[PDB]
Structure formats: C-alpha cells, structure tokens
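Quick heads-up: it's one chain on its own, the form solved without its partner chain, in structure tokens.
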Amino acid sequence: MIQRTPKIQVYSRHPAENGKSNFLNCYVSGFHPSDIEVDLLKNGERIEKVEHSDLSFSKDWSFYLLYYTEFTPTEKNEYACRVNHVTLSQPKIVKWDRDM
C-alpha cells in the first residue's frame, strides 16, 4: 500500500480565448489513494456547480485532480479549496493564492 497526501494549489486563470472569464482552480496533486473529496468554497460554503473535475493518474499510485470552475472574484469574498483525504486528519482548506 501507499498513501500520499495531496498537494493542493488554488489559483485563478483566465482562459486566453476569453479574458473576461476567470477560473478558480484547485489542483490536487500526487495523492493516493484516489479516494478524495474536493470542494471549492466561497466564504466557506461549497460551490455546488463546479464545471470541471479532471482526474488523472501517472503512476498507478499517483492521482491528480484539477477541479475548477468559472467565477468572478471580488475583494469581498474569500475563495478556497477544501480537501478531505485519508492522509488528512482534518479537512484541508487552502485559500486562493491570488498571486499563483
């Protein structure tokens, strides 16, 4: 068995084809087992509609999830990603790194 805690990165990207669009991305990388729960949060509340959840694996024991959706961030809200995984004794909430 192997278990590896996800790395979690929360960042925004504008698709170049539509710079008015902005995606909130939670990139959950390098984890095993694959079992995982990942939410984007706005002011602590899970964003229910997350348009994209792209899961891949490299080695059989390393999974990668890009969980992302369009958003329109303002300064008045806090955006984050919450991940639960067996490696994490508590849900990990990672705030949007507005510089990343």
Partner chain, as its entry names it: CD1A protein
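Positions refer to the first chain, counted from 1.
*Asks:* What stretch has the higher average Cα B-factor here, 82 to 90 or 16 to 24?
*Replies:* According to the entry, 16 to 24 carries the higher average C-alpha B-factor.
*Asks:* Would you tell me which stretch averages the higher CA B-factor in the PDB entry, 70 to 78 or 46 to 54?
*Replies:* The recorded data point to 46 to 54.
*Asks:* Among the modelled residues of this chain, does the Cα B factor of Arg4 put it in the lowest, middle or highest third?
*Replies:* Ranked within chain, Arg4 CA B lands in the lowest tercile.
Heads up, the form deposited with its partner chain bound isn't pictured, but that's what we're talking about next.
*Asks:* Let me know which residues along 26 to 58 have a heavy atom within 4.5 Å of its partner chain in the entry with it bound, or say none if there are none.
*Replies:* Result: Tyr27, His32, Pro33, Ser34, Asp54, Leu55, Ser56, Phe57.
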